[PDB]
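Listed below, chain by chain, are the residues.
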Amino acid sequence: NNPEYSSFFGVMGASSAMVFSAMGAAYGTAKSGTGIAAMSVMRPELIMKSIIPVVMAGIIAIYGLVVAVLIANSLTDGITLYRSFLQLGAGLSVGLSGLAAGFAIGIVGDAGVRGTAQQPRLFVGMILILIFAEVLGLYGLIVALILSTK
Amino acid sequence: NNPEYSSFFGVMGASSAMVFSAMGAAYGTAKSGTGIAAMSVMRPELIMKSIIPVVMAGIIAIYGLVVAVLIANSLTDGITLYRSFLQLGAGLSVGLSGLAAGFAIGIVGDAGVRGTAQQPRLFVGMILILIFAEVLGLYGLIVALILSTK
Amino acid sequence: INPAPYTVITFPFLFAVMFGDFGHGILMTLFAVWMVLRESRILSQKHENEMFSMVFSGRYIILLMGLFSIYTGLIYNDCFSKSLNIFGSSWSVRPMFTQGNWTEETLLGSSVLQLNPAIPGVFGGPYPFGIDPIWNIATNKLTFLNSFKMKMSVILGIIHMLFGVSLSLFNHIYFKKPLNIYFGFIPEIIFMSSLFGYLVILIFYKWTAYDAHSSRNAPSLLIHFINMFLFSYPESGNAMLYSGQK
Amino acid sequence: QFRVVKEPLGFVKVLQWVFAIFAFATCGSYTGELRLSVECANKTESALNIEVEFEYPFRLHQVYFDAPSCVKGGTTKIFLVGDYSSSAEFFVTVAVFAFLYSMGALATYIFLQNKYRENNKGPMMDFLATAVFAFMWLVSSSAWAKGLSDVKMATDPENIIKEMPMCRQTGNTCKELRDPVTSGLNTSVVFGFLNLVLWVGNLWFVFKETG
Amino acid sequence: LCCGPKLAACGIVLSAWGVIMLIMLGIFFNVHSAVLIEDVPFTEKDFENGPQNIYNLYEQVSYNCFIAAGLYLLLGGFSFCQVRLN
Amino acid sequence: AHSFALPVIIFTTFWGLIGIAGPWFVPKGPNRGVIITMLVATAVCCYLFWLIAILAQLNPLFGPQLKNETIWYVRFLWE
């Protein structure tokens, strides 16, 4: 009744939502760590004032994980084409959104880490920018959970 | 009756509404953060003063989310090609208008923060140009609605 | 000519033209009243936030555009995404719909939407209270709303622009410069009028004249405008708007 | 003070409060019913017994009932017409507000008599309020008379019989068993008119008392 | 003293707004039974019998406008008390 | 059903009366002209706005589009 290649699109989503999300994290924790390397010298006691971007990167990684797992949990052999397209679209959208969010968090973290190093009062304000990048992560998740059922 | 390929295109449109627009917003935020760094050390009192560009980036994200939800509710198994291509066109147009507006706001925000770092009177001026960026996004969104009817 | 007395009232009106929502009007008005009522206290106080200073400088504009936002939202009939229904709808009563050969079609309708063609012969009725509320759940509200906004925006813009351009003649006579009025503003105004007042009259004509029963064969205004712009004169495919058009 | 009690203003005021609080209280909780029989050519499908219910504020367009269509054992909903909620709802709701004002005036006349006689300013506000209230009572009485008349023309069995489509055909002897009882409606409007006249009298009396 | 008004006045304004709008929502859901134009959502799937169920469940849904507003009824009273603490 | 002549008559007469009778009852002073100007401009713009809104609804060309459950509901809610 339905072709076997219908599986294609579906599980590709179950891959992509993970893959790209991880790439984003690989930029969030890395470049921020490079910034903390410079921060460590002038004032080594502000590591707790600079551990934010890495936790953000971990959060976006968790987002990718949960969408990928949920989409994978709805797998079956006789899946309809419609469902397959739905899963692929959701997975790709969340993956690329996670990638973009990771890029933004990494860049702003590297800037703000040394910015706080030179200027203490920047610190609180720095957090503000990070939160907005994190919001993009939320938004990706939303679409997937709007595409899982409907 | 209708082909089975038909469900593909429409779903893909939704993905664009949560990829491209989002990506533009991301760039904007990142660039603005760099500006804040260059301005944080010398004129520390105006950190919160420069909350205005970053939110003006996040709004682009908001727009994407709106259209995405809509195209997650008009999707049904029995879709003709006409509807599918209407929806694909809407998604493409809104995503690209978001992207272009994001690039514009990012550059203008860098220039604005740097200019205000040396001239308070420039403040209002920068705000003016920033509006002309954000409105561009709205134009994309407009046709999306026009493509949910015709 | 100082443009203060015009702007002081045309700015809240335009903001209301782009702020068609009533609950948010109430919220902004409450904000404005809060700022205003503490005039003596705040002016005799030490403040630091620059946003607060600019907002306190613009309290007058904020209050006026909140008050206008309230009214424009009321005529919009969109208060917090819903329609304030005064319950004067006159659209569908059961035995009238069954009189028009329609009974127990909801059974197949449990999965489809079933637009109703208008004019069964027993319905109509405009609404004095702004916009009729039933649109707020109609799944085709977008089309009529967008048509209405298109025509709204164009018409208001043309009139406001005419108001803008009509003032220069005063100063021209005032400065006593005959060459800049006889061969000046006159061609400008005749050109603008002959181009766009035509669009205004045509759009009102289409609104008022073409009844529902003539839905087919009804014309498209933009096609007519483009046709006259290009001087093309097809003999078929679009009917003349009114006698003596050519 | 027993002097103010013996003064006709207070006694008139309490009497009119009693009349109003009886009239609107009775008017605002009505309910009732009328009984009809539908019979057709096939005696198997005849509905010997059908009921319909009405109530306050006489939103008759809301009212309806189901009757057999007498073809293949069908049935259809007949919608009783007539929107009269406007005048009745206006009368009852602003009469409720008038009753709140009535209790306020009674409290003023019993406990705040000292403020009543201070500069004779309270009498002026009482007079203006009573004048506005008499005006709305008059228009409310007229509108309620018109509305209840519309109810009278909406309770005729022949009209509802003529509405239902199938009754044109032969054999559909749609008859009426028990008509609705109109005693309550005209008794209530009589009370309305009585308290209207009495409140006009109170309006003249307070005008004379202020001076 | 504790919970100075500087960080709580917004709380009071929000609580006032919440209580007024919740009373409005409850009243327009109960008295007017939340006519479908002002309300799409309901609570059932089988409504092929008659109107008693729709209005009954509309009353049940409006009843839920209770603790909702009541929650603030209190929160506003607590925040005002904290404001008073000077 | 709502008649058309009555709403137009009441609104036009009322707002024309307000616009006409504003300035003369307005007391004279140093800032009479400015308040006069806002009154006139407000009246004209608001009236034109409402006229556009109402004349949009006159003579509809396509009726609304409604869902099945909505029809089954409005059948008994009112009318």
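Definitions and cut-offs
- Residues are labelled from 1 along each chain in written sequence order, independent of how the entry numbers them, and those without coordinates are excluded.
- Labels are handed out in written order, letters beginning with A for the chains and numbers beginning with 1 for the ligands.
- The displayed chains are a subset of a larger assembly; all values refer to this subset.
- As a rule here, side-chain values come from all non-hydrogen atoms in the structure, and water together with hydrogens is ignored.
- UniProt positions are given in the numbering used here, feature names are shortened, and annotations may be inferred rather than shown by experiment.
- Here a strand pair is declared whenever DSSP counts at least two bridges between the two strands.
- Helix and strand assignments follow DSSP, with helices taken as H or I runs no shorter than four residues and strands as E runs no shorter than two, numbered in order from the N terminus.
- Multiply 1.5 Å by the residue count of a helix minus one, and that product is the helix's expected span.
- Per-residue accessibility, obtained with a 1.4 Å probe over protein chains only, is compared with the maximum for each type, and a residue is labelled buried under 20%, exposed over 50%, and partly exposed between these values.
- Taking the helix axis as origin, the arc is that swept by the directions to the C-beta atoms.
- Contacts: residue pairs with any heavy atoms within 4.5 Å of one another.
- We define buried area as the total accessible area lost by two parts upon association, computed with a 1.4 Å probe and summed across both.
- Polar contacts, as used here, are pairs of N or O atoms within 3.5 Å; protein pairs need one atom able to donate a hydrogen and one able to accept it. Residues neighboring in sequence count only if both atoms are side-chain atoms.
- Under the grouping applied here, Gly and all other residues not named as nonpolar or charged are polar, the nonpolar ones being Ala, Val, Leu, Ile, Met, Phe, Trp, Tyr, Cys and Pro and the charged ones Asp, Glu, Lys and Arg.
- Classification of ring pairs rests on two measures: the distance between centres of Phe, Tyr or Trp rings, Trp counted by its six-membered ring, which must be within 6.5 Å, and the angle between planes, read as stacked under 30 degrees, edge-to-face over 60 and tilted in between.
- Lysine NZ or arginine CZ positioned within 6 Å of the ring centre and within 35 degrees of the ring normal marks a charge as sitting over the ring.

Under the PDB entry, chain D has the name Synaptophysin and belongs to Mus musculus. The title given to this PDB entry is "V0-only V-ATPase and synaptophysin complex in mouse brain isolated synaptic vesicles". In UniProt, chain D has this text filed under Subunit (literature references left out): "Homohexamer or homotetramer. Interacts with SRCIN1 (By similarity). Interacts with VAMP2; the interaction is inhibited by interaction of VAPM2 with SEPT8." Listed in UniProt under the heading Sequence similarities, the comment for chain D reads: "Belongs to the synaptophysin/synaptobrevin family."

Going by the PDB entry, chain C carries the name V-type proton ATPase 116 kDa subunit a 1 and comes from Mus musculus.

Draft legend 1. Structural detail: the pairing of strand 3 (residues 64-68) of chain D. Residue and element names in this part refer to chain D. Strand direction decides the pairing type here: strand 3 and strand 4 (residues 75-79), joined by 5 bridges, are antiparallel. Following the sheet pairing, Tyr 64 is matched in strand 4 by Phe 79. Between strand 3 and strand 4, which pair antiparallel in sequence order, lie 6 residues; one of them, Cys 70, sits at a positive phi of approximately 65 degrees.

Draft legend 2. Region of interest: helix 2 (residues 8-27) of chain D. All names here are of chain D. In this model helix 2 runs 28 Å from its N-terminal to its C-terminal C-alpha over 20 residues, within 8% of the 28 Å that 1.5 Å per residue would give. All of the buried residues in helix 2 are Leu 9, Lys 13, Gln 16, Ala 20, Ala 23, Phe 24 and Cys 27. Along the axis of helix 2, the buried positions cluster into a sector of 105 degrees, meaning they face one direction only. Here the buried face of helix 2 lies against helix 3 (85-110), helix 4 (113-116), helix 5 (122-154) and helix 7 (183-210).

Draft legend 3. Quick look at the interface of chain C and chain B. The interface of chain C with chain B comprises 5 residues on the first partner and 5 residues on the second. At the boundary of chain C with chain B, total buried surface from both sides reaches about 440 Å², with 76% on carbon and sulfur atoms. Counting every contact that joins chain C to chain B gives 0 residue pairs in polar contact. For the side of chain C that touches chain B, the secondary-structure elements that each account for two or more residues are helix 4 (50-57) and helix 8 (141-165) of chain C. Looking at the side of chain C that touches chain B residue by residue, the class counts come to 2 nonpolar, 2 polar and 1 charged.

Draft legend 4. Highlighting the environment of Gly 109 of chain B. Residues and elements named next belong to chain B. Mapped onto the secondary structure, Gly 109 falls in helix 4 (residues 81-116). Overall, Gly 109 belongs to the buried group, its relative accessible area being 0%. Spatially, the C-alpha atom of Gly 109 lies 21 Å from that of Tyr 139, the residues being 30 residues apart in sequence.

Draft legend 5. Summary view of the packing of aromatic side chains. For the structure shown, the criterion picks out 38 aromatic pairs over all chains. Arranged with centres 5.2 Å apart and planes meeting at 70 degrees, the rings of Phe 8 of chain B and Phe 9 of chain B form a pair that is edge-to-face. Classification of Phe 9 of chain B as partly exposed rests on a relative accessible area of 25%. Both rings, one in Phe 9 of chain B and one in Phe 85 of chain B, keep their centres 4.7 Å apart while their planes meet at 50 degrees; by these two values the pair is tilted. Of the two residues, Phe 9 of chain B is situated in helix 1 (residues 6-17) and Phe 85 of chain B in helix 4; the sequence distance between them amounts to 76 residues. You can call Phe 85 of chain B partly exposed: its relative accessible area is 41%. Above the ring of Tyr 101 of chain D, the side-chain terminus of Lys 13 of chain D is found at 5.9 Å from the ring centroid.

Draft legend 6. Geometry of the UniProt feature "domain: MARVEL" in chain D. Per the UniProt annotation, the sites labelled "domain: MARVEL" are residues 4-211 of chain D. Structurally, residues 4-211 of chain D is divided into 58% helix and 15% strand, and its ends, taken at the C-alpha atoms, are 16 Å apart.

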